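Per the deposited numbering, residue 11 is the first one in the first sequence, and the count goes up by one each step.
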Amino acid sequence: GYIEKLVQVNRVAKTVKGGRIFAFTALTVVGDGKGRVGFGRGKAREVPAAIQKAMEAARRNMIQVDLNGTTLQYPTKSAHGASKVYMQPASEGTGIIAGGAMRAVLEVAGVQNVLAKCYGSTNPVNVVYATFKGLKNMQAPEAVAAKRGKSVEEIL
RNA sequence: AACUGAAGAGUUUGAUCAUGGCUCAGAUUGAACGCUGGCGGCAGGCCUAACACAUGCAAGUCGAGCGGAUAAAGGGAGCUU
Numbered sequence: 011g012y013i014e015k016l017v018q019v020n021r022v023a024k025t026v027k028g029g030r031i032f033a034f035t036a037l038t039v040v041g042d043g044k045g046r047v048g049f050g051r052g053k054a055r056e057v058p059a060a061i062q063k064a065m066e067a068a069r070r071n072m073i074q075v076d077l078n079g080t081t082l083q084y085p086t087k088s089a090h091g092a093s094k095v096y097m098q099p100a101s102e103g104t105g106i107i108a109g110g111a112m113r114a115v116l117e118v119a120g121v122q123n124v125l126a127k128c129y130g131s132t133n134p135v136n137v138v139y140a141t142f143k144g145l146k147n148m149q150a151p152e153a154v155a156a157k158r159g160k161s162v163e164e165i166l
């Protein structure tokens, strides 16, 4: 589906000769409010056209996320580049408390109780990779129990 | 009766990623200063010169321990209040 959310806008450039050609980039994540997200990056020549391009690439190559219901399954920790990310599920009344670019991922996924923090280099185009290695590699235990459930899930 | 919280941003460049400094958003004080100023509860008030101090007051009490001297009421008498 489609619920859109913008994060970043830049002004990249390019020197040719004579002057300097400008261009705009944008980063936009799209989710469904249930656990299907997708991010997208587009470059164009103006703001109202660079956002439209980044929205279209978001709703291609999406991710199914197996959330527990407004929370996560377990504390995990993933990294990409020089960016390290930590996330652990929380109680009911606590909302989402994260920084800038992990709120926009964790809104549209539908989770509400995420309690996150990012270390290392804060790059909004690169902390998103650090988040999607984490969420796309969840497990959601298909087991008979948890304190007993290590005889039917390990064979899954 | 026993008991749960973790946010980032700006700045090196024609522009980008990284390393690395700096700076801001918070909660606090025996606080001082500037502008302004109705009320009441509960608190606190020399952090500097352990530097000198006028004048008041802050440890006395026992006559069921003993001398001594003050000697009432009253008992009076006497003399004339």
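All residues carry an ideal CB built from backbone N, CA and C; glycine is no exception.
Item, Value
"Buried or exposed by the 16-neighbour rule on C-beta atoms within 10 Å, applied to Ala-126", "buried"
"Counterpart residues of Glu-14 in DSSP-defined beta bridges", "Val-40"
"Beta carbon of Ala-36 nearer than 7 Å to that of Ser-93", "no"
"Nearest neighbour of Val-75, chosen from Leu-116, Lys-24 and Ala-23 [CA to CA]", "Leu-116"
"Three-state class that DSSP yields for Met-72 in the structure shown", "coil"
"Boundaries (first-last residue) of the beta strand (DSSP E) holding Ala-126", "126-130"
"Enclosing beta strand (DSSP E) for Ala-23 [first to last residue]", "22-25"
"Delimiting residues of the alpha helix (DSSP H) encompassing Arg-113", "112-118"
"Three-pair Cβ contact test at 8 Å for the region 45-60 versus the region 147-160", "no"
"Reduced DSSP secondary structure (H/G/I, E/B, other) of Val-162", "coil"
"Three CB pairs or more closer than 8 Å across the region 62-75 and the region 102-114", "no"
"Enclosing beta strand (DSSP E) for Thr-86 [first to last residue]", "86-89"
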